[PDB]
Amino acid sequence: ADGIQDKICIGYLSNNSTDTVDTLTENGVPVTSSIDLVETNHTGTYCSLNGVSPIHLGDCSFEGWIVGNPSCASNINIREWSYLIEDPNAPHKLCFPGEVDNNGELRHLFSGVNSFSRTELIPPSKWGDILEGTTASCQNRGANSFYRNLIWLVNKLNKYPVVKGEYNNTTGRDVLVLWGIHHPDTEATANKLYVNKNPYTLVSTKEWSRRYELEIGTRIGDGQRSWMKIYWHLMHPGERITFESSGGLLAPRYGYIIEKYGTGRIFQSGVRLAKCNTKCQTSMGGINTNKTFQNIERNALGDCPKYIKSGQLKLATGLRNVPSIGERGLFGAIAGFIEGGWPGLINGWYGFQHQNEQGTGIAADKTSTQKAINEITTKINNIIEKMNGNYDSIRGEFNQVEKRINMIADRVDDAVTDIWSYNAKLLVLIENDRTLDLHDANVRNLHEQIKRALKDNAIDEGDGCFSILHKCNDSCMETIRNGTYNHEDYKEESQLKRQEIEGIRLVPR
C-alpha cells in the first residue's frame, strides 16, 4: 500500500446509534441519545395523592354519604380526602325518597377537602317538646332510624309547638350545614305528623332568609309516597343561622367544619383502590414521573404533567453521527469501546482519530464535550423546569341539569390541551433540528482550532481530517490534542514535504 502522510481527524466518536428522532425538516434521524418528554406509564389503580387517601364511597352515592344514610359508612372519624371514587349506580342513595338541592355545587366543593371534621351543630333537646320520626326506609342498628345528620321532628302527644334552634359559626373555618323539609303524600299525613295547619319552616342567616311550606302529594320514590327536600349552606366564620318550624323541618344535627375544599375530583368506580402513593391521579391510574407531559388520560388531578393529544416526543440530546455526515464536511468514527466509556447524556464524545506509523486511533476532547454536555443539560432543564404551572384537568362536578356549563368547562379544558399539544410537538421538532446543528457547530469549531494550530504544516482534506506534512508520532499527536503543538517546530520539514508532494504525478508528465 502506498505511503501516506500522518493524519488527524476531528469529529464525533460514538457507537452505532439505534434511536431515531424527528426534526422539523426530517423524519427518522438516528442519534446517539434522546430523552422521552411524554409519560406513558401509570399504576392502573387509584392511589393516595401526595400522601392523602381518597374516600371510596363503595355502595353509596355522594348524597347518601354526605347526608348520613345509615347504610353508608359513618364519616364521624374522617379528617381529610384527596378525591372521591363513586359508583354511578350505587344502590344506597337517599334512603327516604327525596332530593338534595343544588347538589352539583355540593359535589364540587366536597370533591376534595384537606381538613374535615364532623361537628354537632344543635343538640336534639333544643327543639323542645317534640319527638323524633324514624322510618324502616332508613334502618340502623336493627331499628327504624333516619339520616345521621338530621332529626325528623314530629308531634308529641298530638302537639307540635313552634320549634327554634340556632348555630353560630365560631370555628374560624367554614361550616357546612344541612337541613330538610318533609312533604307528606296527603293532608291527613301532614295533620297527623305536624298537627298545625299550613305549617311553615323559616331558615335565616344575617344575609338571607327562606321560608318553606309543605308541598303535598303522592310521589314515586321506592317504598314511600311522600317526599323530602334537602338543603344546605356553607357558613363562613362569624355567620349565624336560625331555624324555626311549626311542622316539616328536618332539623340540622351534625354538620361539617372544612378548610381547603373543592380540591379534588369525583372519579368513577371500577379501577381498583390500592396501597400506593402518587403525585397525579387520573381516571386510568396514578402517575409518578418528572416528565412534564402525559398522553394517558385527560381526566387528571394533582401535581400532574400536562395532558397532551400526542404520541411520544423524543427530544434529541446526542449526536447525529451517521455515515453521510462526510457529505457536509464532517468526520465521525464508530467504536464499540473507549477508555472510560461514553458520557451519559450525549453518548458520547467530540474528539480525534489519528493515524501515524505507530498506528491508530481515537481519543476524546474532554473540554469541548463538557461544554456541550453543559449546553444540552441547560437546554433540557430549561424546557422541563420552566413548566412549573398548574397542569391538571380544568374541571368541575356538575349534576344532570347542568349540561351547558359542564360542556363549556370540558371544552375549555380541551382547548388548553390543544394549545399545549401543538406547542409541545413543534418545540420538540424545532429544538431537535437546533440540537443536532449545535453539535455540528461545536465540532466544526474544534476543527478550526486544530486548523489554526497546524497552519501551513497540514493539508485540509475537507472531510474533517488533516494530512500532516511531517512525521507526527504519538507524542506529536498528543501536542496537537492538548493544544501545545507549535507549527514553527516543523516548518522546515513541512515545507520540504510540501514541495515533494507538489512534484508527484499520477500520470507521469
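Residues carry their position along the shown sequence, with the first being 1.
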{"item": "Between the two ranges 253 to 261 and 97 to 105, the one averaging a larger CA B factor in the entry", "value": "253 to 261"}
{"item": "436 to 444 or 22 to 30, whichever carries the higher mean Cα B-factor", "value": "22 to 30"}
{"item": "Selection from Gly223, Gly344, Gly165, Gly247 [criterion: highest C-alpha temperature factor in the record]", "value": "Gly344"}
{"item": "From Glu385, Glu239, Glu215, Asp418, residue of greatest CA B-factor", "value": "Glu385"}
{"item": "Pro161 by Cα B-factor - lowest, middle or highest third of the modelled chain", "value": "middle"}
{"item": "Third of chain Cα B-factors occupied by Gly351", "value": "middle"}
{"item": "Position of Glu492 among the chain's modelled residues by C-alpha B-factor, lowest, middle or highest third", "value": "middle"}
{"item": "Among modelled residues of the same chain, the CA temperature factor third for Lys275", "value": "highest"}
{"item": "Cα B factor band for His56 (lowest, middle or highest third within the chain)", "value": "middle"}
